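Step one of this worksheet: look at the structure below.
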Ligand SMILES: Nc1ncnc2c1ncn2[C@@H]1O[C@H](CSCC[C@H](N)C(=O)O)[C@@H](O)[C@H]1O
Ligand SMILES: [Zn+2]
């Protein structure tokens, strides 16, 4: 009230989602339809099946409002497909800038960064007993990081997979090592 | 002289006669299978077809640089820009030297007595920047990283076109 | 550049919350958190009335364009609406979970923007008082907002260096004023045409940003503004002066043509948090916090 100059001002976050509320077989990815049909379904339906909400696990997350089936596709981790030595340059850069580093790879040649270019798959937390995993698929010569499910993922459950460092997983199978 | 089969970047356009080096997008540096060790070894990189806006980095590099490294990333690989001759080594910004011209018979030399180095950008025996000095003892790979798909040759024939003047190199008919 | 002190509007019992002119240019009234919105005159400091009838203190009072209707951003987390003409308890409007720090009006005089400390810019109704919308503004409380020349935009003064020019009708973030620094943005306002931005970041430097292009043009040197959310103004009645409050017991008024120290006014004994300009004539509101409790009529 105009006299007590208070702290807790800067956030160091490029995104600003923290609102007052932050309200957290038919489909081809569960069918035996071919991989181009599943991949064409994935980009059209990851925009409308899941959503980004504020995460009590860590930061902001991916809180689905739908009974996600077992083994099906959920989201595609698409961002800056940079070379493997541009990884260290952007790691030093966003160490100097404070933005969190998001570098999950396909192989040991080029690593998908998710800092400038990215999607809603930046907001995937880590549970050591997760509900998803990933498999390297092949579409049109390109490779795509596709998050395949594990079980029936209910309404409200945040989406996590195995990344392969103490985590906020909350699970009892916790490794605390992600190197 | 047979080029590299495994210790190179296989997505680059190394030709089928294995005497012509053409690069692609992304600074993956193709390195030939003949890393110099000692004595005096000089090869040429005969630039023939090169479009403009190509920062054709030529120089020297050690095996601890990546196959996906740009030529001039770290403390082991030199750098040579077409634009204003700006060199970046140990990540140091130095608008230092000159560039080059299209069609010049390139090919550089690093001096390895069996230490005393002569690291100058040897374009046709003409100075394009006295680059660096005082290397360690070890293997030094050929170092070609490209920004576009330019068609340049590489020479291993002993009757060289434009070597450094009064260079007592060993002829490259003893490397393969 | 010869603003002379005329009178003293003494009578305040706490830190003077605001000193803003009425839109008729005839009522430089004032308020404080003592539940005493002291309605004073403009030319001599003649007493008119005092609005009371709150529960807790008062943060902000804002002027409707008829110089009469006053909404109170009172610290009991209500939006109690009062009047220069009558002073009736018109609408007591609760709803915000934290302190309603600042309040402003559109130039159409039919919306109640509510910059509270609850990190949610809600909008309220003049006639009845319904919570119209709720802007997901920031992870920071709100210190200052403003509408443009008609009321179609909402500028934000966040605390992590964000000035999001919010939409008013559809209500989404249109442009985020970006800064690699994250300063506590104190008091932003649109230009009187609606096409330039004066972002008062707390680095002892005022920043005039373009709205169309988006880059800074001119700054100011030699003023003390780091801790408090010191208000800045625009003055074209004399020169192109920029009226602002002070912390070293001055009245910070300098020119965009000069950008340096060319005129200083003096006499306060506390931090001047609120300043204002007369729209036509050369009357400048200057009043500090609790250790002054006086309003100083500077007049050229
Ligand atoms: N479950 C988890 N517990 C703790 N840290 C996690 C985590 N999952 C991911 N992280 C780490 O935390 C970072 C996420 S950034 C935090 C979320 C988002 N940027 C936001 O706050 O709006 C990533 O770099 C990741 O390495
Ligand atoms: Zn954990």
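Chain C is numbered as in Swiss-Prot; the shown residues are, in order, 33-332.
Structure determined by electron microscopy, 4.5 Å.
Cβ coordinates are placed from backbone N, Cα and C, and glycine is handled just like the others.
According to Swiss-Prot, the features are:
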- C:43-82: repeat 'WD 1' (REPEAT)
- C:46: SUMO2 cross-link (CROSSLNK)
- C:85-126: repeat 'WD 2' (REPEAT)
- C:107: site 'Important for interaction with histone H3' (SITE)
- C:112: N6-acetyllysine (MOD_RES)
- C:128-168: repeat 'WD 3' (REPEAT)
- C:133: site 'Important for interaction with histone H3' (SITE)
- C:169-208: repeat 'WD 4' (REPEAT)
- C:256-296: repeat 'WD 6' (REPEAT)
- C:263: site 'Important for interaction with histone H3' (SITE)
- C:322: site 'Important for interaction with histone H3' (SITE)
Per-residue Cβ crowding (10 Å cut-off), top of recorded sites C:107, C:322: C:107
Residues from C:46, C:107, C:112, C:263 facing chain A - recorded positions, CB under 8 A: C:107
Among C:46, C:112, C:263, C:322 (the recorded positions), residues with Cβ under 8 Å to chain B, listed in sequence order: none
Helix, strand and coil totals (DSSP H, G, I; E, B; other) for the repeat 'WD 3' (C:128-168): 0 helix, 19 strand, 22 coil
Between residue C:133 (site 'Important for interaction with histone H3') and residue C:112 (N6-acetyllysine): CA-CA distance (Å): 13
Inter-residue Cα distance where the pair is residue C:46 (SUMO2 cross-link) and residue C:133 (site 'Important for interaction with histone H3'), in Å: 17
Long-range Cβ environment of residue C:46 (SUMO2 cross-link), under 8 Å and at least 6 residues apart: C:64, C:65, C:66, C:68, C:89, C:322, C:325
Neighbourhood of residue C:263 (site 'Important for interaction with histone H3') by C-beta distance under 8 A, where only residues 6 or more apart in the same chain count: C:219, C:232, C:276, C:277, C:305, C:306, C:307, C:308
